[PDB]
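Structural features, examined
Now for the letters of each chain:
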Amino acid sequence: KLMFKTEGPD
Amino acid sequence: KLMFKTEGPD
Amino acid sequence: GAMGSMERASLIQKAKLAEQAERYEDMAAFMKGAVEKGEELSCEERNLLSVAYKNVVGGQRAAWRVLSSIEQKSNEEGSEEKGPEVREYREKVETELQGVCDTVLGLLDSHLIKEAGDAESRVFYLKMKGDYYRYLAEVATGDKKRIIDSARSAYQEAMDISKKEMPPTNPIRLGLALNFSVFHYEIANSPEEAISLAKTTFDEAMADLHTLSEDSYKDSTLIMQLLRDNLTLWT
Amino acid sequence: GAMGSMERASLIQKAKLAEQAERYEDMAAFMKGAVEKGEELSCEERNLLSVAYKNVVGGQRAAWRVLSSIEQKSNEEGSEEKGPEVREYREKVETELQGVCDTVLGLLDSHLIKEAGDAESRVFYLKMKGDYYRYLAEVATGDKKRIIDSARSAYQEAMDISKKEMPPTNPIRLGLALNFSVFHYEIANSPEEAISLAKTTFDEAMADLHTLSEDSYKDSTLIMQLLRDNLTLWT
Ligand SMILES: N=C(N)c1cc(-c2ccccc2)c(Cc2ccccc2)s1
Ligand SMILES: N=C(N)c1cc(-c2ccccc2)c(Cc2ccccc2)s1
Ligand SMILES: [Cl-]
Ligand SMILES: [Cl-]
Ligand SMILES: [Mg+2]
Ligand SMILES: [Mg+2]
Ligand SMILES: [Mg+2]
Ligand SMILES: [Mg+2]
């Protein structure tokens, strides 16, 4: 899945 | 530490 | 409390060590132990708590997506049924994710949020509450509606406080709006709300950059760029 | 046996799923459960077992090095003693590493090796035994000598069989020699043995490449390049 930008690490 | 090549994954 | 016999300061110190060792499950257990000492958390300590669990749940979410994608294919017209194993193992990982989310939510509810009075702490934890209901929402299929509204509610209370008490460039405020934006787009199926929020958040920050030091400028524009990255994909 | 109620085939299938999800602790527990079913392992199943535990122990070794390096500095002339916490946490990670090594060694000893009669299986497991005593040796400080000799002994028995029963390009044979070479250099403090072994192994493979198919050529030269990489650093 294409994951959108969210705060902090991955 | 410098790690030398060994078989398989890291 | 498995960490009840260790000093609060030692739990914090070992959390910092675990981060350096990229041992985030350890890091998370140390910070859980620190929270359960019952004292409020400093800004640095809140950020340790958040980094630890974000990394842990990040691994599970990534694993879950891989497994859910395999499962969906196995159920496509034409497949050769492999048996229950894909579903069972997706369920295993899903269950472990939900437990991590429930743990975090338990720490926020007992009793981080209720003791957080400053905007920087209370907004931080309310954002976290919305984040972890969002990760629950990502895997939910049965009472998804109340989970989604719990996420929405936490983010909205955080938004309201952030907008009264924090400047538009405040990194906590920006990161909250970023995350609430993705909630709207992906969880609430409100892409137009998501786009509106991200544009307004970016523009209001942009007009306040002039008040910042070089270092605060860097912190804010970093998150502003994440807002822009999403807007590029969405528009 | 936590995996005793699950079918052998399902454990294998879920091991393969866990690998795709990059869930190597899960992958390792599934393969442990498969081994403890008591049947011999196929080539693919042996490779699943090895990949799972190599990834698990890889994470711990990397964590241990970070922590050991921090500890060494804290003990340097001039430091401000942070207390017992670095040592304690290094010890925690070290203990978990040793347990993983002991688990693997237990599977080899009960009863994979004793039931392995074909060169490809017996060499594979004896190499593994030497590998896991080597990871023990890396953290050993008190009876390090017997651990080292256990590693040496396993690698040497594997070498002897590989040289009688396998061609010089056999990927298992090459990977064994690679690892025994690093053992010599880093664990046994025998750099000249390490260099000699790596050169002879490379040259004898090189002269046998002409017998291989395109695909076997690729498999062998891949490991030959690892031999060359080390030789470049060592000479
Ligand atoms: N140990 C860690 N990972 C962090 C420690 C701190 C910190 C916070 C206040 C005072 C000292 C340090 C972070 C702040 C921060 C978070 C996010 C982005 C950029 C910066 S992060
Ligand atoms: N699931 C995995 N990771 C692997 C599966 C197999 C396999 C082995 C025999 C028959 C089918 C597949 C591997 C062999 C191999 C190991 C190392 C290097 C290159 C190739 S690896
Ligand atoms: Cl399962
Ligand atoms: Cl510890
Ligand atoms: Mg479920
Ligand atoms: Mg529109
Ligand atoms: Mg020890
Ligand atoms: Mg010499």
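As deposited, the entry is annotated with X-ray crystallography as its determination method and 1.88 Å as its resolution.

Another aspect to go through is the site of ligand 1. Residue and element names in this part refer to chain C. Lining the immediate surroundings of ligand 1 are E19, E44, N47, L48 and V51. Within the side chain of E19, one N or O atom sits 2.7 Å away from a nitrogen atom of ligand 1. Relative to its unbound accessible surface of 490 Å², ligand 1 loses 47% to contact with the protein. A total of four residues in the shell around ligand 1 trace back to one element, the largest contributor, which is helix 3 (residues 43-74). In the shell around ligand 1, the residues fall into two nonpolar, one polar and two charged.

The next subject is a negative patch on the surface. Together, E39, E40, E115, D118, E120 and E165 of chain C make up a region of like negative charge exposed at the surface. With respect to the helices and strands, the residue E120 of chain C is situated in helix 5 (residues 119-139).

Below, the discussion takes up the side chain of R46 of chain D. Residue and element names in this part refer to chain D. Along the chain, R46 falls in helix 3 (residues 43-74). Of the buried charged residues, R46 lacks a salt bridge, with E120 as the closest side chain of opposite charge at 6.6 Å. The residues touching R46, leaving out its near neighbours within four places in the chain, are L41, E120, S121, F124 and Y125.

This next bit is on the site of ligand 2. Residues and elements named next belong to chain D. Taken together, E19, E44, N47, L48 and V51 make up the full set of residues near ligand 2. In this structure, a nitrogen atom belonging to ligand 2 sits 2.7 Å away from a side-chain N or O atom of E19. In isolation ligand 2 offers 480 Å² of accessible surface; the protein chains occlude 46% of this area. The element that contributes the greatest number of residues to the shell around ligand 2 is helix 3, accounting for four residues. Considering only residue class, the shell around ligand 2 consists of two nonpolar, one polar and two charged.

All right, on to the packing of aromatic side chains then. Applying the stated criterion to the full structure yields 18 aromatic pairs over all chains. Plain terms: the ring middles of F4 of chain B and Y185 of chain D are 5.1 Å apart, the flat faces sit at 75° to each other, and that makes the pair edge-to-face. With a centroid separation of 4.5 Å and 5° between ring planes, the pair formed by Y185 of chain C and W234 of chain C is classed as stacked. Residue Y185 of chain C is located in helix 7 (residues 171-187), and its partner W234 of chain C is located in helix 9 (residues 214-234); the two are separated by 49 residues in the primary sequence. Take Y185 of chain C: its relative accessible area is 25%, and that puts it in the partly exposed class. The exposure class assigned to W234 of chain C is buried, which follows from its relative accessible area of 8%. Cluster of aromatic residues (ring-pair linked, three or more members): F4 of chain A together with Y185 and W234 of chain C. A cation over a ring is seen here: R228 of chain C above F202 of chain C, with NZ or CZ 4.3 Å from the ring centre. Residue placement shows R46 of chain D over the ring face of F124 of chain D; its charged tip is 5.9 Å from the ring centre.

Calculation rules
Note that residue numbers begin from 1 in each chain and follow the written sequence, not necessarily the entry's scheme, while residues that lack coordinates are absent from the view. Chain A is the first chain written and ligand 1 is the first ligand written, with later ones labelled in order. Computation of side-chain values: all heavy atoms of the structure, hydrogens and water removed. Residues with missing side-chain atoms are left out of burial classes, side-chain pairs and their counts. Proximity is defined per residue: if any heavy atom of the residue lies within 4 Å of a molecule or strand, that residue is considered near it. In protein, a polar contact means a hydrogen-donor-capable atom and an acceptor-capable atom, both N or O and within 3.5 Å, with residues adjacent in sequence counting only if both atoms are side-chain atoms; elsewhere, any N or O pair within 3.5 Å suffices. Per-residue accessibility takes into account occlusion by the displayed protein chains alone, with areas from the Shrake-Rupley method and a 1.4 Å probe. Going along the chain from the N terminus, every DSSP run of H or I of four or more residues is numbered as a helix, and every run of E of two or more is numbered as a strand. Throughout this entry, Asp, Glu, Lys and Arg are counted as charged residues, while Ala, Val, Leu, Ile, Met, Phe, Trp, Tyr, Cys and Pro are counted as nonpolar. The remaining residues, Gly among them, count as polar. Note that patches include only residues with greater than 30% relative accessible area and no salt bridge, and the join distances are 9 Å for like charges and 5 Å for nonpolar side chains (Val, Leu, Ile, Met, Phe, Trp, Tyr). Every case where a carboxyl oxygen of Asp or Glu lies within 4 Å of a side-chain nitrogen of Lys or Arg is listed as a salt bridge. Here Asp and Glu are counted as negative and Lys and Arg as positive; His is not counted, and neither are the chain ends. The atom standing in for a charge is NZ when the residue is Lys, CZ when it is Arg, CG when it is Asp and CD when it is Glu. Under the scheme applied here, a residue whose accessible area is under 20% of the maximum for its type counts as buried, over 50% as exposed, and between as partly exposed, the area being computed with a 1.4 Å probe on protein chains only. Contacts were defined at the residue level, with two residues in contact if any of their heavy atoms lie within 4.5 Å. Note on ring pairs: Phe, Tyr and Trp rings are taken, using the six-membered ring of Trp, and paired if centres are within 6.5 Å. Classes follow the plane angle, with under 30 degrees stacked, over 60 edge-to-face and the rest tilted. Note on criteria: charge over ring means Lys NZ or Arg CZ within 6 Å of the ring centre, with the direction from the centre no more than 35 degrees off the ring normal.

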